[PDB]
Number of protein chains: 2
Amino acid sequence: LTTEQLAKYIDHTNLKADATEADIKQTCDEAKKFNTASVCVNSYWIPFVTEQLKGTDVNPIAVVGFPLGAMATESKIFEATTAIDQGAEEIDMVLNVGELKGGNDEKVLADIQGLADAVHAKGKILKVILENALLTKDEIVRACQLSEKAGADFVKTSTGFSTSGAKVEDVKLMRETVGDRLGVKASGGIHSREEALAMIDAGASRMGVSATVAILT
Amino acid sequence: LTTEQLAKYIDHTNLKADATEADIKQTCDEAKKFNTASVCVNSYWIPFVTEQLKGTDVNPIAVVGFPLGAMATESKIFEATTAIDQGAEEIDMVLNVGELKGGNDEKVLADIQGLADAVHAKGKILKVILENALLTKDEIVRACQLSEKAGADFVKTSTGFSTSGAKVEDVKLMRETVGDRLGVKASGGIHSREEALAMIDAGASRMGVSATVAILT
């Protein structure tokens, strides 16, 4: 796998609370240099990122209800629809983990469903971050099934802000559950080229990466 | 200071991504038992908390743009006004740390002003979380001063999700900066009654606390 095609797997990611405009611009320069799939930022930076990436094949994408996933559904939707209207081509939302763990599957479903409707109405795609770190393996499976039932296009391992991120065995579990019906995105803690290839082998069709420069050089 | 009096300083706080309905209910039970000032939650739980605290003197309050502060201003605003209409009595926003650190004071100010105007139109109050952990001492001062100029009612130390929380010297610096013109809320890592009392002596007029039960007993 050449560095060029490895790059097309990568949502190049900068989500730290203290990222400055210069920091975000550097993320955009790096994504354009390596031709990654995306630049993934918090919603505030979507207009800037969109301008930086205009005229290239790199997509702006936004996280929403992130990273806790405990934002009201109405507000996750407003954040998502605003982000897309301002340039986002994909939305990575965070699952309502608390409702999942408390066994309120219908509320988990309703939350994702509302985002899926809003994002799809605008012709874009939705990824659901499960935050595997906080879930039992049965919960990872259930979260995958609910994401699918709600119409999500991808499931995503991690926000990057919990205790651990992508794990090969979790990625494989997710890919087995959704089959080829949803994309699987490995994110959080991906530091080396070997780790990245491991994730792809384990089933990931996309990756969230912030240490991208180290990996592709 | 009686335990009754101390309780009225406390926004009893449960913000973990994996907090279940039962977890949140228990937080409400505890707040009602000790008659704290508030129960502070992520915006999803506001209708439930409002119901649980109905007919009592404990206020539901919501964090917004939390914990990263990097939501688009308009989306922070929507999350805040929506939360108020569902029963939130106060809003604890996170300021835009990235624009603060990048020295774009115009944008930090406008972001806080948007929330302050909207929250005040509904007759509620706004606290601004600085996230001191990520800031220079000068930035803490500037953040307090921008918060004051924007019309905010409180400056708050920390989200609870960064590298450190309330520190006595930071609280003192904030109180000195805002005088008696704004409240100062110490939050994050307050684990003992002694620590809580020290935060008050340092100038805090309100506190965010998760270990509220241990502290009051």
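Note on naming: letters A, B, ... go to the chains in the order of the sequence lines (proteins, then strands), and numbering restarts at 1 for each one.
Considering every non-hydrogen atom in both A/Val94 and A/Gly65, the closest pair reads CB-O, 3.4 Å. Closest non-hydrogen pair, A/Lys101 versus A/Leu135, comes out as NZ-CA, 3.9 Å. Between B/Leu15 and B/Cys40, the shortest heavy-atom distance links the atoms CD2-O, 3.9 Å. The shortest heavy-atom contact between A/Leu130 and A/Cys144 is CD2-SG, 3.7 Å. The two residues A/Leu146 and A/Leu109 have their closest heavy-atom pair at O-CD1, 3.7 Å. Nearest heavy-atom pair, A/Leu53 versus A/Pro60, reported as atom, atom and distance to 0.1 Å: CD1-N, 4.0 Å.
The existence of a salt bridge linking B/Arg142 and B/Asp138 is confirmed by a sub-4.0 Å separation between a basic side-chain nitrogen and an acidic carboxylate oxygen. Ion pairing between a basic and an acidic side chain is recognised when a charged N comes within 4.0 Å of a carboxylate O; A/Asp170 and A/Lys137 show such pairing. With respect to the salt-bridge test (charged N to carboxylate O, under 4.0 angstrom), the residues B/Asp29 and B/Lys25 qualify.
At a cut-off of 3.5 Å, with distance as the only test, no side-chain donor of B/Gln86 or A/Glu74 sits close to an acceptor on the other residue. In this model, a donor atom of one side chain and an acceptor atom of the other lie less than 3.5 Å apart for A/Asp23 and A/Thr20. Side chains of B/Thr157 and B/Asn132: a donor-acceptor N/O pair is absent below 3.5 angstrom, by distance only.
Between A/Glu79 and A/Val63 the shortest side-chain heavy-atom distance does not fall below 4.5 Å. Counting only heavy atoms from C-beta outward, the side chains of B/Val41 and B/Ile24 approach each other to under 4.5 Å. Using a 4.5 Å heavy-atom threshold, the side chains of B/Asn14 and B/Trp45 count as separate. A/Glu195 places none of its side-chain heavy atoms less than 4.5 Å from the side chain of A/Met199. Side-chain atoms of B/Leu100 and B/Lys107, non-hydrogen and from C-beta on, never get closer than 4.5 Å to each other. With contacts defined as side-chain heavy-atom distances shorter than 4.5 Å, the pair B/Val171/B/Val184 qualifies. Here the side chains of A/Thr13 and A/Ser187 are not in contact, with every heavy-atom distance at 4.5 Å or above. Here the side chains of A/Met174 and A/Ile140 are in contact, with some heavy-atom distance below 4.5 Å.
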**Study point:** A/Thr212 vs A/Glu30, side-chain contact (heavy atoms from CB on, under 4.5 Å): CA-CA, chis, key distance, verdict
**Key:** CA-CA 8 Å; A/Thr212 304; A/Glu30 294 163 352; 5.9 Å; no
Exercise for review: Walk me through it: do B/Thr50 and B/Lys54 pass the test side-chain contact (heavy atoms from CB on, under 4.5 Å)?
Suggested key: CA-CA 6 Å; B/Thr50 298; B/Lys54 182 67 192 308; 5.9 Å; no
Exercise for review: Walk me through it: do A/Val97 and A/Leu68 pass the test side-chain contact (heavy atoms from CB on, under 4.5 Å)?
Suggested key: CA-CA 8 Å; A/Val97 173; A/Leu68 305 183; over 6 Å; no
Practice item. Evaluate side chain to side chain donor-acceptor pair (under 3.5 Å) for B/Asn59 paired with B/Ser38, printing each intermediate quantity in order. Key: CA-CA 4 Å; B/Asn59 289 322; B/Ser38 317; 4.9 Å; no
Exercise for review: Would you please test B/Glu99 and A/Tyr44 for side-chain contact (heavy atoms from CB on, under 4.5 Å) and show each step?
Suggested key: CA-CA 10 Å; B/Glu99 290 286 43; A/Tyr44 176 84; 2.6 Å; yes
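The ring pair (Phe, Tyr, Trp, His ring centres under 6.0 Å) contacts involving residues 102-150 of chain B comprise nothing, where partners must be two or more places apart or lie in separate chains. Contacts classified as side-chain hydrogen bond (donor to acceptor under 3.5 Å, both in side chains) and involving residues 87-98 of chain A (residues at least two apart or in different chains) are given here: A/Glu89-A/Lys124, A/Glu90-A/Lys127, A/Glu90-A/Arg206, A/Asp92-A/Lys127, A/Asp92-A/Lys156, A/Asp92-A/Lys185.
Side chain of A/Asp18 to main chain of B/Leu134: no donor-acceptor pair is present (N/O by atom type, distance under 3.5 Å, no hydrogens or angles). No side-chain donor-acceptor contact under 3.5 Å links A/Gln52 to the backbone of A/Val49. Using modelled atom types, no side-chain atom of B/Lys76 and backbone atom of B/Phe66 make a donor-acceptor pair closer than 3.5 Å. B/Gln113 contributes no side-chain N or O that, together with a main-chain N or O of B/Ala110, makes up a donor-acceptor pair within less than 3.5 Å. The main-chain N or O of B/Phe78 is found under 3.5 Å from a side-chain atom of B/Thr82 such that the two form a donor-acceptor pair.
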Determine all donor-acceptor pairs shorter than 3.5 Å in which one atom belongs to a side chain in residues 159-169 of chain A; sequence neighbours excluded.
unit_1   : atom_1 : unit_2   : atom_2 : d
A/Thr159 : OG1    : A/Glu131 : OE2    : 2.5
A/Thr159 : OG1    : A/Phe161 : N      : 3.0

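Environment of CD in B/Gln5: crowded, with over 12 heavy atoms of neighbouring residues, nucleotides or ligands closer than 6.0 Å. A 6.0 Å sphere centred on CG of B/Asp57 holds no more than 12 heavy atoms belonging to other residues, nucleotides or ligands. Around NZ of B/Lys32, the count of heavy atoms belonging to other residues, nucleotides or ligands within 6.0 Å exceeds 12. Residue-environment remark: NZ (A/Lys16) stays at or below the threshold of 12 foreign heavy atoms within 6.0 Å.
Put simply, CD1 on A/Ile61 and CD1 on A/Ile84 are 11.0 Å apart, with the number rounded to the nearest 0.5 Å. Annotation: the span from B/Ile125 atom CD1 to B/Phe154 atom CZ amounts to 5.5 Å, rounded to 0.5 Å. In this structure, CD1 in A/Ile77 is found 12.0 Å from OG in B/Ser75, a value given to the nearest 0.5 Å. Going from atom CD of B/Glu148 over to atom CG of B/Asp153 covers 11.0 Å, rounded to the nearest 0.5 Å. Atom CG of B/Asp117 and atom NZ of B/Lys122 lie 13.5 Å apart (nearest 0.5 Å). Interatomic distance, SG of B/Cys28 versus NE2 of B/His12, reported as 8.5 Å (0.5 Å rounding).
Each of B/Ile190, B/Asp11, B/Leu6, B/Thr36 was compared with B/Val209 under the side chain to side chain contact (heavy atoms under 4.5 Å, CB included) criterion, and only B/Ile190 meets it. The residue from A/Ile129, A/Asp111, A/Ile112 that alone fulfils the side chain to side chain contact (heavy atoms under 4.5 Å, CB included) condition with A/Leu95 is A/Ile112.
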